[PDB]
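Novice: piece number one of the complex, untouched:
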Amino acid sequence: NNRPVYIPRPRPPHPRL
Amino acid sequence: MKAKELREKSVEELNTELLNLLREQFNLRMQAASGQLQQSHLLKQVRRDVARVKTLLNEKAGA
């Protein structure tokens, strides 16, 4: 299984998540 | 495990290729899909073994 996708560091105006 | 099967005639190496294709490939891929597979190097090594067996078959049969 591959849950981890390694989300990258986003932009200063990025989705708050 | 590269020269062990180099001295095996066509029929037995074909049988070995059939065994490798039937077992250790479908079971491993279905287990990986269902999440039951824990070790992933099995898929890579079995695929490499199948490739080596096919290469030996091509080298022997025909030319």
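Specialist: That came through, no problem. Numbers count the residues shown, from 1 in each chain, chains lettered A, B, ... in the order given.
Novice: helices and strands around the helix or strand in which residue B:18 is found, which ones?
Specialist: Secondary structure assigned from DSSP states H and E places residue B:18 in helix B:10-22. Where contact means 3 or more Cβ pairs under 8 Å, 6 or more residues apart in numbering or on different chains; DSSP states H and E, helix B:10-22 is packed against helix B:41-60. In this view, the C-beta of every residue, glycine as well, is placed from N, C-alpha and C.
Novice: tell me how far the helix it packs on lies from the chain's centre.
Specialist: In terms of Cα atoms, centre = their mean, to the nearest Å, the centre of helix B:41-60 is found 5 Å from the chain centre.
Novice: for it, which positions count as buried?
Specialist: Buried residues in helix B:41-60, counted by 16 or more other Cβ atoms under 10 Å in any protein chain shown: B:42-43, B:46, B:49-50, B:52-53, B:56-57.
Novice: got it, and stretch B:29-37?
Specialist: Within stretch B:29-37, the residues that count as buried by 16+ other Cβ under 10 Å are B:32, B:37.
Novice: mind checking how far the residue nearest the centre of chain B is from residue A:5?
Specialist: Centroid check for chain B by Cα atoms, centre = their mean gives residue B:50 as the closest residue, at 3.0 Å. In this view, residue B:50 and residue A:5 are 30 Å apart by Cβ to Cβ, to the nearest Å.
Novice: let's bring in chain C now:
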Amino acid sequence: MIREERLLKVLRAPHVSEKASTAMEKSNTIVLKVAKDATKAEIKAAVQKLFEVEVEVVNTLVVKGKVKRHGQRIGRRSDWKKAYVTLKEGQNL
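Specialist: Okay, here's chain C dropped in alongside the others:
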């Protein structure tokens, strides 16, 4: 011959979903991923040889990939084909 190897190559992996579970429990069908071509006759032969079961009929469909944006870079997922193999009154898995 390589008909048997084509049968052992067409199938890729099963598919899991709420619709899959509903179809299995009600319609006695299992939905599984198949190769890009994975024609109906080849899939039927492969499932018959592998699962040693009986299938009334097999229908398949092509699922288009999704466009996902990782960071600033867009990308299309690889398209995969799913087939609903319908088993007869006697089913094992």
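Novice: let's see the buried residues of stretch B:29-37 again after adding chain C.
Specialist: Residues B:29-33, B:37 are the ones in stretch B:29-37 that count as buried (16+ other Cβ under 10 Å).
Novice: chain A contacts on chain B?
Specialist: Selection of chain B residues close to chain A by Cβ under 8 Å from any Cβ of the partner chain yields residue B:35.
Novice: in chain B, what residue is nearest chain C?
Specialist: Proximity of chain B to chain C (Cβ to the nearest Cβ) peaks at residue B:33, 3.5 Å away.
Novice: residues from chain A in reach of chain B?
Specialist: Those residues of chain A that sit near chain B, judged by Cβ under 8 Å from any Cβ, are residue A:1.
Novice: who does whichever helix or strand comes after the helix holding residue B:18 touch, helix- and strand-wise?
Specialist: Per DSSP H and E, the first helix or strand lying C-terminal to helix B:10-22 is helix B:26-34. Helix B:26-34 sits against helix B:41-60, strand C:11-14, with contacts defined as 3+ Cβ pairs under 8 Å, 6+ apart.
Novice: which residues are contacting helix B:26-34?
Specialist: Contacts to helix B:26-34, defined as Cβ atoms under 8 Å, 6 or more residues apart in numbering or on different chains, come from residues B:37, B:40, B:42-43, B:46, C:8, C:11-14, C:16, C:33, C:50.
Novice: the following sequence is to be added as chain D:
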Amino acid sequence: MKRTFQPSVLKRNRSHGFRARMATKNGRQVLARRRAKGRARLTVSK
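Specialist: Chain D now in position relative to the chains above:
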């Protein structure tokens, strides 16, 4: 007012498709120029 562009896949493919370009000698030169420039999309296609 209906604008100039009315999309149509058939018209687009038969007017600017790769086979249409290769049908004429000059279209082959256009494709060669596109390849030399290095654009990812040589022609319009699905």
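Novice: go back to what packs on helix B:26-34, now with chain D?
Specialist: Judged by 3+ Cβ pairs under 8 Å, 6+ apart, helix B:26-34 is in contact with helix B:41-60, strand C:11-14.
Novice: sorry, back to before: the residue nearest to the centre of chain B and residue B:25 touch, don't they?
Specialist: Yes: Residue B:50 lies in contact with residue B:25 (Cβ atoms under 8 Å); the separation is 7.4 Å.
Novice: quick one: the strands in chain C?
Specialist: C:11-14, C:29-34, C:55-63, C:67-70, C:73-76, C:80-87 (DSSP state E).
Novice: out of those, flag the one nearest chain A.
Specialist: Closest to chain A of the strands of chain C is strand C:67-70 (Cβ to the nearest Cβ; 7.2 Å).
Novice: which ones are touching residue A:17?
Specialist: Residue A:17 touches nothing, counting by Cβ under 8 Å, 6+ apart.
Novice: look up how far chain B lies from it.
Specialist: For residue A:17, the distance to chain B (Cβ to the nearest Cβ, to the nearest Å) stands at 26 Å.
Novice: would you say that residue is within a strand?
Specialist: No: counting by DSSP: H, G, I helix; E, B strand; the rest coil, one finds residue A:17 to be coil, located in no strand.
Novice: other SSEs contacting the helix ranked longest in chain C?
Specialist: If you go by DSSP state H, chain C has its longest helix at helix C:40-51. Counting contacts by 3+ Cβ pairs under 8 Å, 6+ apart, helix C:40-51 is packed against helix C:3-10, strand C:11-14, strand C:55-63, strand C:80-87.
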